[PDB]
Colleague: 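One structure coming up, written as C-alpha cells, with questions to follow.
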Amino acid sequence: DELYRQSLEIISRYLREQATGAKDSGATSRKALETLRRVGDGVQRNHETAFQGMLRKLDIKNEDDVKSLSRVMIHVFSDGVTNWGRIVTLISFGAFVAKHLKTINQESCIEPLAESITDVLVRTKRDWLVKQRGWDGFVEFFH
Ligand SMILES: COc1ccccc1C[C@@H](Oc1ncnc2sc(-c3cccc(Cl)c3)c(-c3ccc(OCCN4CCN(C)CC4)c(Cl)c3C)c12)C(=O)O
Ligand SMILES: [Cl-]
C-alpha cells in the first residue's frame with residue numbers, strides 16, 4: 001500500500017519537525033513536505049485560538065488520550081466536503097497537537113498521532129486521493 005506509506009512519511013516528518021523545530025516518489029514527498037511547511041504553518045498561525053480551544057477541550061496528556069482521537073477525527077473529516085484545504089487543516093491540527101505533546105515530554109505519542117491521521121485520511125478517502133493523483137495533485141494544487 002504505497003499511498004499509505006507515502007502519506008505516513010510526509011505527515012510523520014511534518015509533525016516531527018514541527019514538534020522538534022529541526023528537519024531530518026522521493027521528489028513528490030519533499031515537494032509535499034515543503035508545501036505543508038508553507039500552508040500548514042499559515043493554518044496554525046491563522047487559527048491559533050480555535051486550535052488551542054479545541055486542544056484544551058480534548059485534554060491530551062498521554063498515549064491513551066491520543067489513541068481515542070481517531071473516531072472524532074473520522075467523524076469531523078468525513079462530515080464535511082473533501083478538498084485539499086480540509087486535508088491540510090487535519091494535518092495542521094495534528095502538528096499543533098504534536099507541539100503540545102513535545103512541550104509536556106510526551107514526544108513518543110507523535111508517531112501514533114501521525115499514524116492515526118494517516119489512517120483517517122487514507123481509510124475515509126483513498127479513492128478521492130487516487131482520483132486527484134494523490135500527493136502529485138496536492139503539490140500541483142498548492143503550487
Ligand atoms: C479552515 O477550517 C478550520 C480551521 C480551524 C478550525 C476549524 C476549521 C474547520 C475545519 O476543521 C477541520 N477540518 C478538517 N479536519 C478536521 S479534524 C478536526 C477535529 C475536531 C475535533 C477534534 C479533533 Cl482531534 C479534530 C477539525 C476541526 C473542526 C472544528 C474545530 O473547531 C471548531 C470551533 N471550535 C469552537 C469552540 N472552541 C472552544 C474550539 C473551536 C477544530 Cl479546532 C478542528 C481542528 C477539522 C472543517 O471542518 O472544515
Ligand atoms: Cl489543479
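Side chains are part of it too, since the values below use all heavy atoms of this structure and drop only hydrogens, waters and symmetry mates. Order of listing sets the numbers, starting from 1, for every ligand and every atom in it. Numbers here simply count residues along the sequence, with the first being 1.
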Colleague: Does the protein place any heavy atom closer than 4.0 Å to atom 35 (C) of ligand 1?
Modeller: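 When distances to the protein are checked, atom 35 (C) of ligand 1 has no heavy atom within 4.0 Å.
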
Colleague: Pick one of side chain, backbone, both or neither for how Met54 approaches ligand 1, counting any non-hydrogen atom pair under 4.0 Å.
Modeller: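 Both parts.
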
Colleague: I'd like to check which ligand 1 atoms, numbered from 1 as shown, lie under 4.0 Å from a non-hydrogen atom of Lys57.
Modeller: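 What qualifies from ligand 1 is 38 (C).
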
Colleague: Looking at side-chain heavy atoms only, is the closest gap between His100 and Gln106 below 4.5 Å?
Modeller: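 Sidechains of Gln106 and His100: no contact.
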
Colleague: Does one side chain, of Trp135 or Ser7, offer a donor that lies under 3.5 Å from an acceptor on the other?
Modeller: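 Yes.
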
Colleague: Starting from atom 44 (C) of ligand 1, what is the nearest protein heavy atom, named by residue and atom, and what distance separates them?
Modeller: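 Answer for atom 44 (C) of ligand 1: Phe93 CG, 3.6 Å.
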
Colleague: Specify whether the nearest protein heavy atom to atom 9 (C) of ligand 1 is under 4.0 angstrom away.
Modeller: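 No.
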
Colleague: On a heavy-atom basis, which atom in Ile110 and which in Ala19 lie closest, and how many Å separate them?
Modeller: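 Smallest heavy-atom distance, with atoms named: CD1-CB, 3.5 Å.
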
Colleague: So is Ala50 close enough to ligand 1, meaning a heavy atom under 4.0 angstrom away?
Modeller: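 Checking ligand 1 against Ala50, which is what was asked, there is a heavy-atom contact under 4.0 Å.
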
Colleague: Run the salt-bridge test on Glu34 and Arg38 with the 4.0 Å N-O cut-off and return the result as yes or no.
Modeller: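 Between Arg38 and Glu34 there is no salt bridge, as every charged N stays at least 4.0 Å from the carboxylate O atoms.
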
Colleague: Determine whether a donor-acceptor pair (N or O, by modelled atom type, separation under 3.5 Å) exists between the side chain of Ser68 and the backbone of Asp65.
Modeller: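 Yes; judged by distance alone, with no hydrogens or angles, the pair exists.
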
Colleague: Which protein heavy atom lies closest to atom 6 (C) of ligand 1, and at what distance to 0.1 Å?
Modeller: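 Protein heavy atom with the smallest distance to atom 6 (C) of ligand 1: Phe51 CE1, 3.8 Å.
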
Colleague: Would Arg86 count as being in polar contact with ligand 1, using the rule that some N or O on each side must be under 3.5 angstrom apart?
Modeller: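 Looking only at distances, the answer is yes, because the N/O contact criterion of under 3.5 Å is met.
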
Colleague: What protein heavy atom is closest to atom 18 (C) of ligand 1, reported as residue, atom name and distance in Å?
Modeller: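 Minimum-distance protein heavy atom for atom 18 (C) of ligand 1 reads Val76 CG1, 3.6 Å.
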
Colleague: Which heavy atom of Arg86 sits nearest a heavy atom of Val81, and at what distance?
Modeller: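 Looking at all heavy atoms of both residues, the closest pair is NH1-O, 2.9 Å.
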
Colleague: State, with a plain yes or no, whether a side-chain heavy atom of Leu113 is found less than 4.5 Å away from one of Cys109.
Modeller: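 In short, these two side chains do not touch, never coming nearer than 4.5 Å.
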
Colleague: Could you label the plane-to-plane angle of the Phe93 and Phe51 rings as parallel, tilted or perpendicular, counting under 30° as parallel and over 60° as perpendicular?
Modeller: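 Rings of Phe93 and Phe51: perpendicular, as their planes differ by over 60°.
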
Colleague: Got the closest protein heavy atom to atom 7 (C) of ligand 1, with its distance?
Modeller: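 Answer, as residue, atom name and distance: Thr89 CG2, 4.6 Å.
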
Colleague: Out of all atoms in ligand 1, which are within 4.0 Å of some heavy atom of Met73? Include the element for each.
Modeller: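 The atoms of ligand 1 under 4.0 Å from a heavy atom of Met73 are 24 (Cl).
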
Colleague: Look at atom 17 (S) of ligand 1 and say which protein heavy atom is nearest, naming residue and atom and giving the distance to 0.1 Å.
Modeller: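 For atom 17 (S) of ligand 1, the nearest protein heavy atom is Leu90 CD1, 3.6 Å.
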
Colleague: Search all heavy atoms of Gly134 against all heavy atoms of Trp84 and return the closest pair with its distance.
Modeller: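 In this case the closest contact between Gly134 and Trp84 is O-CZ2, 3.2 Å.
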
Colleague: Heavy-atom distance from atom 38 (C) of ligand 1 to the protein below 4.0 Å?
Modeller: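 At least one protein heavy atom is under 4.0 Å away.
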
